[PDB]
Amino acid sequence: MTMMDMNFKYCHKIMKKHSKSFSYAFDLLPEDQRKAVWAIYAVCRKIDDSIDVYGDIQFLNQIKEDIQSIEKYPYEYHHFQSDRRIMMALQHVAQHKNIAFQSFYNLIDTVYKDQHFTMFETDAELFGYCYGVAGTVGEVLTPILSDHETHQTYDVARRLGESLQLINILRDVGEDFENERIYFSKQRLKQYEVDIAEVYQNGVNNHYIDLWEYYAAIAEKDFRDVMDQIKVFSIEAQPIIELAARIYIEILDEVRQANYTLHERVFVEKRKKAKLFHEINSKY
């Protein structure tokens, strides 16, 4: 192993630890593409955890300044201030591929603002959050996963990111509530007559199920839009992206099978991921 290989292997560890779903699928990409995904994912994962390192924006600003150094001087040596292995790997990617740096800055801004979290008044605010934490990641991945990106490639990547974040929200209602976060909008909670604290205490009811299903239908439509437009991605990436999206959206059926529980994190076991691989691999 070279020094650079060590950097990418660490990024891989971070991605696989955090997401068995995305690692299962994206590890099937050709070597140079999977390595880029690992680095981008690891940066975004580090951003996600950054406030809790000390309890304030310190580490997140260190990350931001490292990304800014790469943007301004991609071919210069940097004393990185944050996670040196991740930033060395990101820099290596930036030397080979176009990175949408503003999308990282939008992600960072979203994480900063989340310090001051207030419940979303409207679904538009919820979807804006989904853009900030997940559509941004799709934008950064777009040049890795396409040959000739257009406005459509970025639209489709944003839309997939938003589907994936909505699925995360739908899986994690109980855990997020424990952590003082409710992502369903106040407007929709009022319309469906749902109080998450009350549901956390007393279990699901038809009102809650109807609200959950309202959002699930959006995630599913987002997913179908992306599958319909999958030809924006490179031929090698298409079945991998279909696999990632199908594995992740299978979580919705797992939630349903578990009666929409607020008290455990449901999952798609490895053997089921493999079944989806076989179904998609046979298709391609």
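Just count from 1 along the sequence shown to find any residue number.
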Handout entry: Coordinates lacking for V53, a third or more of other entries
Key = yes
Practice task
Between 170-178 and 148-156, point out the one with the higher average CA B-factor as the PDB entry records it.
Solution key: 148-156
Exercise for the section: Return whichever of 90-98 and 122-130 has the greater mean Cα B factor according to the PDB record. Expected result: 90-98
Problem - Member of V268, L262, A25, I14 with the greatest C-alpha B factor (per the PDB record) - result: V268
Problem - Residue, from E213, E139, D114, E71, that the PDB entry assigns the highest Cα B-factor - result: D114
Exercise for the section: Compare the C-alpha B factor of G203 with those of the other modelled residues in its chain, then answer lowest, middle or highest third. Expected result: middle
Practice task
Could you look up the Cα B-factor of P30 in the entry and say which third of the chain it sits in: lowest, middle or highest?
Solution key: highest
Practice task
Please rank the C-alpha B-factors of the chain's modelled residues and tell me whether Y41 sits in the lowest, middle or highest third.
Solution key: lowest
Exercise for the section: Please place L243 in the lowest, middle or highest third of its chain by C-alpha B factor as given in the entry. Expected result: lowest
Practice task
Divide the modelled residues of the chain into thirds by Cα B-factor and specify which third, lowest, middle or highest, holds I63.
Solution key: middle
